[PDB]
Structure formats: structure tokens, C-alpha cells
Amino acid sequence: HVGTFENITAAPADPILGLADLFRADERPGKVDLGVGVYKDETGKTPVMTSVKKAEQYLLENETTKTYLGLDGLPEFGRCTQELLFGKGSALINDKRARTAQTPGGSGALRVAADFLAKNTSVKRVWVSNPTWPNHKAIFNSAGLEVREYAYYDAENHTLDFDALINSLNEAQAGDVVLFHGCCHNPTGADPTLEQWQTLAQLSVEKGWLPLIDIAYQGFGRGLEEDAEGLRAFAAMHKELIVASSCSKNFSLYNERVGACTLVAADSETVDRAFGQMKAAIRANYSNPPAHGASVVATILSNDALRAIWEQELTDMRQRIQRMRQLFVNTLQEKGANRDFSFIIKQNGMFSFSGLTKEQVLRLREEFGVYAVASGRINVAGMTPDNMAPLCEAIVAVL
């Protein structure tokens, strides 16, 4: 009997990995890593937040059991997530129109949402932005959902081509899902404005598709509250919603897998009914969500002192990012970049498309030991006041 695994065809090599091998094997001093997918401080590190440490000490000292919680995870985390997302006093919360399941990251939430949709609804297709987060397609496809792209980023001109977005979405029908990045679009950093969000909200009500809000960077853009404005415009308008939230980035809890899938429906009865089917989706997957990270978040958010410390820590991260964006533009100018990079200061979060070609990226690695990804995505958190000059000089030189 031939093996079950015998004829499996190797998965394509992960370029996210090939590049990271190169970098580690590169012995040149002053190599610059703009390819990384996480936040890094001015020293090139991704530390545990102080607020997070304090909470972990609190859990060490006080937790008395690791016994399972329900499939929807820690209730307090569900409440905190909801208030962060919709704002305290939200009519969604008061009207009990929203149910939240803690999940293993925003990723888990996306997959839970997809399994739930494919299994219980007529949804057959999900619209995502071009470009979008690389993992979106595979998550939805795996649940049997087709993924379509809508127009978003004008790459030659470094803009959110809003007119093209709108027009391309006319092909989306009632009953499709349309996925929108809550804030700090990944990888472009180009976000709708408040009014564009309001327009999008209004169109979704008119067209009848289901919005899904992927919000993984709340607090990395303009501020905690400001970064949710777009979601809340959707909440005021469309009576059904799915939100996949994440604490990986805004709590630097990446590997603890802290996120949430929130269903919103027209009334309590409908959302509760939907939610029982969501539990079934979770039960058929990994069942209970991991407690540690979520308890950390709930401990922090439930406590005023701890909450203050976390918000300042998050603000610091947000402001360093904005500082590097500004410095990048100014230093390219100073070093004589033969074109304008001002778009960089109009974008939010860690990631922008540098607008470099794959040839330029190649040369930047080989010749200057500056590492970006093939798409030209750069992570501005990879920048520091100390590596900026040689970084920008390298870029100027390949233009």
C-alpha cells in the first residue's frame, strides 16, 4: 500500500523566510531591516510592554485555575473589546445587538467568521482590497468562499483611488461580504477619511452587502478613538456587521494570539441566534480560545492605573512611527531624492508601499544591505534616527 503522504507536492517556499535567512547570514554591519512584519523600538527590539508585564505578575500571583472557559472565552475581554470597538454607551451595546467571541488572534476571528458564514449563510464571496493583507485570500478560500478584489490603491500616484473603489464595488451584490481595514490599511497605510467611510457605510446599506471590518491596528493611526471612527460609521449605518479585532500589535502580544470575532445584527434575538452557530464554528475548530493574552488585556483595560500606562506605551509607539515617517520624507529630500515621497506622511501605521520596483529592492539588498520585501513594502518601524541617512542615501542612489 502506497503512503498517504507519498505524493504530496511541496508547498512553495515562503519568501518571508528566504529573505530572513539571507538577512541573518548577512555579515555586513549597518544592514537595515525594513522587511519585518512587527513593531520595533528605537533599539531594534520588540519588547514586552510594561503594562503587560505588570498584568502577567498579577495573573501569576492570583490565578487559581486553568480550567476551560466557554467557547466565547473570557466575558470581561468580550466587554472591553466591545467598548474599545464601538465606544462606551454605544447603542449597539445597550441594544444588545452585539455578541463577541474571544479568538486566537484576529486571524482566528477571520477564520471563525469564514467558517460560520460558509456553514450558516448564503454568502459565497468576499471582496478584499487590492492590495490587502496577504493572508486574507487563503483564510476565506479554505472555508469554501471565493475572494474577489476591489480597486483601492493607486500605486503610481501613492493614493487611495476612492472613485475607482466605489465604481468597482458596484459588482458586489447584496449577500456578498466586503472586507475593510479598520485603520492603518496593511500594506499601504492609506485609509479612508471620515466622509469616505460615511459614504462607504451609506453605499453598503444601499447595496446590501455585509461589511467585515478587519481592525488590527487601533491606536497605531491617529489615536484609539479616532482609529475606530470608520468602524463606528459602519455601526451607525449597517445593521449587520462582523468585526475581527486584534491585540497582537496594540498590546505587543503577537504570539499569545489575542483577538476577537464580533457579530452585530439587527436585534438581540437575531445576533444571539447567529452567535450560537458561531460557537458551533469554534467548537469544530480549536474550541476554547487561549486564556493568557486575553486575561492580560482584560486586566489592563479593567484597571485605570494599568490602562493609563498601556495607553502611554501605545501612544509612544504611534508617535515614534509618525516621527520616522516625517524623518524619512525630509531625509530623502535632503539627500536629493529625485522625486517626491510626501505620500509617506499622509499614510497611517507601520507599513507603506515604498513605490520601489523589484529591481530597486534587489539592488538595495545586494549593494547597500537595505532589506525591503519584493512588493516594495517597507516597515517604517525598521527606521531609526541613526540608520536614516545611509538608508535614504541608498534609496536615492537606486532611483
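So that there is no doubt, residue numbering starts at 1 and follows the sequence shown.
Between 128-136 and 254-262, point out the one with the higher average CA B-factor as the PDB entry records it.
Taking the mean B-factor of the alpha carbons in each, 128-136 is higher.
Which of the two stretches, 138-146 or 245-253, shows the higher mean Cα temperature factor in the record?
So the stretch with the higher mean C-alpha B-factor is 138-146.
Per the entry, which of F275, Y152, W209, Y217 tops the list for Cα B factor?
Spelled out: the listed residue with the top C-alpha B-factor is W209.
Of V38, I344, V370, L332, which one's C-alpha B factor is largest in the deposited record?
Reading the PDB entry, the winner on C-alpha B-factor is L332.
When the deposited Cα B-factors of this chain's modelled residues are ordered and cut into thirds, is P15 in the lowest, the middle or the highest one?
Highest third of the chain for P15's C-alpha B-factor.
Where does the C-alpha B-factor of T65 rank in its chain, lowest, middle or highest third?
Lowest third of the chain for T65's C-alpha B-factor.
For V177, does the deposited CA B-factor place it in the lowest, middle or highest third of the chain?
Within its chain, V177 is a lowest-third residue by C-alpha B-factor, going by the deposited values.
Using the B-factor values recorded in the entry, state whether the Cα atom of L169 falls in the lowest, middle or highest third among the modelled residues of its chain.
Ranked within chain, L169 CA B lands in the highest tercile.
Hey, what third does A109 fall into on Cα B-factor, ranked over its chain?
Lowest third of the chain for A109's C-alpha B-factor.
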